[PDB]
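The chain below stands alone and is given in structure tokens; this is the form deposited in one PDB entry.
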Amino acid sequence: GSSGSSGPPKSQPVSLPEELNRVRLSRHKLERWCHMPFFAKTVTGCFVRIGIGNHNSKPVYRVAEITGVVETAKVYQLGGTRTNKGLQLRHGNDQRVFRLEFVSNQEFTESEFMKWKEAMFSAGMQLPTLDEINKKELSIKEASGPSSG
């Protein structure tokens, strides 16, 4: 066993909801990476959109950061494929465990971002640095990228 590393990166925490959207995992990528080895490793550090609820009137969503990947006993469908990997999300200073099926695939609304930020601003936690966003993103690409645009 060995290790050693520490120090502040010195950067800005997602100046906008876009940067966060850049590293905003997608059910698809998940459904695909769900069959990849570097799944949890990758997904870990990204961001997904969870739909706490919806109801009949106004939608509801919250930004969460994947802290890891757990393993359930029950399996569920995910666009045809059946997976059993619980996405370890963290809402502010509170952890959680949702499913890919729930993991939406939309651009972090200007609200959600700010709404989620609140949890971070309340807990005094820090968001993803433009550096991490890129670095991380660069990982998403390598992981599996069809095209840029």
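Note that residue numbering begins at 1 and tracks the sequence as displayed.
Keep in mind that the form deposited with a partner chain bound is missing from the display, and what follows is about it.
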- Could you tell me if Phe113 has a non-hydrogen atom within 4.5 Å of the partner chain in the bound PDB entry? no
_in the bound PDB entry, is there a heavy atom of the partner chain that lies within 4.5 Å of any heavy atom of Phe39, even though the partner is absent here?_
no
So, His91 and the partner chain: in the bound PDB entry, are they within 4.5 Å at any heavy atom pair?
no
Give a yes/no on whether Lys117 approaches the partner chain to within 4.5 Å in the bound PDB entry, heavy atoms considered.
no
Among 39-47, 101-109, 63-71, 119-127, the stretch whose residues bring a heavy atom within 4.5 Å of the partner chain in the bound PDB entry is 101-109
